[PDB]
Structure formats: C-alpha cells, structure tokens
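Here's the structure, in structure tokens; my notes come after.
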Amino acid sequence: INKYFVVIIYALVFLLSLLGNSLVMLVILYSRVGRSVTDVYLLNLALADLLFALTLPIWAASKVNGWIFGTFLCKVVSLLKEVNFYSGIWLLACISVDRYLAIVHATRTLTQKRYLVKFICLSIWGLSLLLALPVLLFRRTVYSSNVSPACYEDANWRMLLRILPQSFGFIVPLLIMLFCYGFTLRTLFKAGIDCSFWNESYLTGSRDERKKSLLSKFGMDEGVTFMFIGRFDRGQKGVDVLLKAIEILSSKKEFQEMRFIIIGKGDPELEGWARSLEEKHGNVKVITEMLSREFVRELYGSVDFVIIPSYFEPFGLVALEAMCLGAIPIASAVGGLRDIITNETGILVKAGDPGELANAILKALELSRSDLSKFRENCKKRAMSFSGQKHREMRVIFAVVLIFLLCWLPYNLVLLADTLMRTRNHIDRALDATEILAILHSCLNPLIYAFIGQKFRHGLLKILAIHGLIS
Ligand SMILES: CC[C@@H](Nc1c(Nc2ccnc(C(=O)N(C)C)c2O)c(=O)c1=O)c1cc(C(C)C)co1
C-alpha cells in the first residue's frame, strides 16, 4: 500500500540531505575569509538538518513494522527531531536580529568580537535541548490492542512541559521573526535609486547661485523656493491640497516672501487651477511639459524645499531623489514618507489637510532665515543610507524562512487542532501529509543555496577548480 512510497521518499530525502548539508558545511568551513555571522548561523542550521536526516532511515523501518528498535532509541530519535526544530527556528531568529540591526538600522553586530558568535549558537543548541527535555521523559515505546508498537507521549505537569515549549519554542522566535523580517522587507523595498544619476557632485556652482539663476530663468524674483514634481490627480499625489494651501496662503503677507514651482501633467480641472494661480501670482510657475531627469536634477539642487502632499505613496522614490540632491522635503506622513523623513531630515504633515500644509510652508519659511546648509546635507546622508543595497543577498534568506514555514507551520497548526480536539480520518491523514512536508525541508536549504545562494555557488566551484574542474 502507501507504506512502500513513504520508505522511498524517506530514503530519497535522507540522501539529498546527507550530501546536500555535508556539501554546505564543507563550503562554509573551507575558508574563514569572508565568512559572516549569518554564514555561521546557516552552518548550524545545516548541522541541525544533517542530524535530523540521520533519524529518517530508522523512521523508514518504523513505518513497515512498529517501533521494535527499543525504548532508548525512541528518546534518541525524538530528541534529535525536536532539537532540530527548536534550534533551527531560534537560529533563524538570530539571523533576523543581525539583519534588522544591519539593514533597516545602520549597525554591524559582533564583527570586532567574532569569538562571541560561537557562544550564541552554543546557547541556541543548549536552550533547544532544554526545550526538548520533556520528550526525553515522556516519549517511549507505547503498546496497544492488536496494533504495532509506537513512539508517542502520554498529569498537570506533563501539559505544562508541553505548553512551555509551545509558546517559547514556536511563538516567541516566530514573533521576533515577523517583526524583524517584516520591517526589513519594508525598507528593502524602498531603495531602487542609483546614486550614479542622482548625486550632488554632478551640479555646477553653489545651491544659492543655482537658485538665483533658476528664478531668473523662470522670470521670478529672489526668494525662498518650493517645488512640486508629481502628477496632477485627485486622491493620489494631492496637488489639490497644494493648490488649496497656496490659495489660503495668498491672503497672507508671508506669501510674497516665497516662490512656487508646480511641475506636472494630468487632470484638466487641476491644470486650470494651477494656470489660474500662475496668471494671478508672479511668484507661481507651472510646467505642463514632461521634463527629463537631467533638468529635474538641476531643480532638486537649486530649489530649497520639495512638497509631496501625496494621499498614498507606497515608496518614497520622489523624496529619495529630492534628498539625494539636498532638498528639504515637506511631505505628508504616509507610507514610505513617515519612515524616510525624521525631525532632522524634513517636515511631516497630515495627509489631506490644506490648512496644516500651509502652516508647514509657513514653518519652512521661518526655518530658512538660519543657514540650513547642514539640514540640506543631512537629507543627502539619510537618502544615501537607504541607497546601500543588500537586497540581493537577503533574497536567499527570505527563500529560507518562506520554505521553513511552508514545511513546519502546517504540522504545528494540525498539532494544535488534534491536541485541543481532546481538550477523524480527514484530520488523521492531514497529520500524515504534514509530516512528510516537514521531512522534505531537511534537504531543501542546500538546494536553495545551490540555486540562488551566490556565495555557496561560486565558493563550491572555487574548490572544484582548485582540485578537479577545468575550463
Ligand atoms: C549557505 C552558504 C553560503 N552563504 C550564503 C549567504 N549568506 C548571506 C546572506 C545574506 N546576508 C549575509 C550577510 O550577513 N552578509 C554580511 C553578506 C550572508 O552572509 C548567501 O547569500 C550565500 O550563498 C556561503 C558562504 C560562504 C563563505 C563566505 C564562507 C560559502 O558559502
């Protein structure tokens, strides 16, 4: 029956994990050079999967006939399969902690004191053994009426020893993983800009001289400048908020002190309102033309402030470009924009309020009195921090975690469903199908490195070239 197939898959995975993880441990251990804190954690993960692989042929014979191998051998096998999970899930959380402090925050960890990394994973294996200590007490050979011997568990303390590793060995590292991986992915998405195009170095002369010449080119008098480079639309780029803010500013004396440049094509009702304001005020300029990135670069450097009153912005790409050339952004607190803009690098406002934006334009007017040379420079530093990219290296780790959860989450979710049922054939075969999914993981990580793992790929053929391989 289905029993023959199980033994095939078990023997098939066993080999793919043995060779797989052994190759991975070799490639990591061969050269100490270039090996990172993450490479150390991935090496421990490879060993955790390598140990669990060893129990698979004993588990294969356990399907044909029951658990005959011994009461002791149950504890041996049961500890390795539990330790492999708790260690593997905790090692993945340590990768998250390292990558969070390194990508979303600009802080390298344990680089100077690399000896401490060894103690971290030693602690991981230890905590993993203590988490799996109750199964060393309650897991043995269980005999029943007319059925083959089996390997499974059986007071109030026994449930506590099952509830304690359920939350601290599954939910606690998972919680840390969701916060860290989630917020790293968020900032990973944001940087798409190339500092080879948008840079301060490419600009000629000084930012105040570039401004006076821009105004002279735009037929406007000397003063503080505000720029808009979004699309003319309702409910997305919020040009209507800007045209209404200009309208309420119109009545004030401080309005004559400032100049406005509203660039963008779109909505004919918004195009009209922008042209009417241009024709009425000598300090308002509107460009319907679709300008080239070379001209926009000259604008970002010369103009003092860039206003982004966008209702929805998933990525602050227009702010990233503006900040890379040293323009203080007056953007509404929305997606991407709340993250990139700090009280040190721009002004944040309420999304759909034209009254509050006018007060931010007025606030920016008063802040310009003092030399904002450092404030403009801070924006260049902050945008650039986002500019550095690891995104390609991380694509491997995201595949690792994605596949880990796709293999272990269905087993743990079915585990809760059958334990809380006490406290069916459809749910019995469900646990039989989620079992083989968690087994398949044991050989998947090496395959991921063999597919998209750029350090492992090159590193493996680097060793092959040293000994055998040629041309
Ligand atoms: C799985 C084995 C493989 N490790 C790999 C990656 N790891 C990393 C992934 C993301 N971020 C880091 C990191 O934290 N930084 C500081 C770059 C990694 O290290 C890969 O990508 C990849 O492949 C490897 C490494 C080596 C040598 C360097 C010893 C040989 O094989």
Problem - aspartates and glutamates whose Cα lies under 19 Å from that of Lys244, excluding same-chain neighbours fewer than 8 positions away - result: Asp233, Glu254, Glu257, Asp267, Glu269, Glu271, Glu278, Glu279, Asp353, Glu356
Exercise for the section: Taking the dipole about the Cα centre of segment 81-197, with the C-beta of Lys and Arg at +1 and of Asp and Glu at -1, give me whichever of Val117, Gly88, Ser167 is farthest to the positive side. Expected result: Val117
Completion exercise
Each label sits 7 Å from Cα toward the beta-carbon; between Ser250 and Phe183 the label points are separated, in nm, by 4.5 nm
Fill in the blank from the handout: If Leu243, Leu357 are placed from fewest to most neighbouring beta carbons inside 10 Å, the sequence is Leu243, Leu357
Handout entry: segment 32-165, dipole about Cα centre (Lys/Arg Cβ +1, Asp/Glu Cβ -1), debye to the nearest 20
Key = 340 debye
Practice task
Using label points projected 7 Å from each Cα along Cα→Cβ, tell me how many nm separate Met159 and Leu437, to one decimal.
Solution key: 2.7 nm
Handout entry: Cβ crowding within 10 Å averaged over residues, with 93-101, 59-67 ranked highest first
Key = 93-101, 59-67
Completion exercise
Charge dipole of the chain built from unit charges on the beta carbon (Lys, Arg +1; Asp, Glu -1), centred at mean Cα; most positive-end Cα among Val303, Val286, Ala399 is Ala399
Practice task
Mind ranking 186-196, 110-120 by how tightly packed they are, going by the mean number of other C-beta atoms within 10 angstrom, highest first?
Solution key: 186-196, 110-120
Practice task
Compare the Cα positions of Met220, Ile68, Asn359 along the charge dipole of the chain (+1 at Cβ of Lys, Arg; -1 at Cβ of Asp, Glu; about the Cα centre) and return the one farthest towards the positive end.
Solution key: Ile68
Exercise for the section: In debye, nearest 20, what is the charge dipole magnitude of segment 219-271 about its Cα centre with +1 on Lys and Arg Cβ and -1 on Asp and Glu Cβ, if you could check? Expected result: 140 debye
Practice task
Would you mind putting 433-445, 163-175 in packing order, based on average other-beta-carbon counts within 10 Å, highest first?
Solution key: 433-445, 163-175
Exercise for the section: Anything over 18 Å Cα to Cα? Flag those among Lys190/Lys390; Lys190/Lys380; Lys350/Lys381; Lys253/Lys280; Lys390/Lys455; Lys3/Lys63, in the order listed. Expected result: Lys350/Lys381
Exercise for the section: Place a +1 charge on the Cβ of each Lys and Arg in the chain and a -1 charge on the Cβ of each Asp and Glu, then give the dipole magnitude about the Cα centre in debye, rounded to the nearest 20. Expected result: 1460 debye
Problem - Percent of beta bridges antiparallel (DSSP, the chain, rounded to nearest 5) - result: 15 percent
Handout entry: Which of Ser310, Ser471, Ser148 has the fewest Cβ neighbours within 10 Å, and the rest in rising order
Key = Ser471, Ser148, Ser310
Exercise for the section: With an 8 Å cut-off on Cα pairs and a minimum separation of 6 or more residues, tell me the relative contact order of segment 2-60 in percent. Expected result: 55 percent
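All Cβ positions, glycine included, derive from the backbone under ideal geometry; neighbour counts span all protein chains shown. Taken together, the values in this text are just the output of simple stated rules run on the coordinates, not laboratory data.
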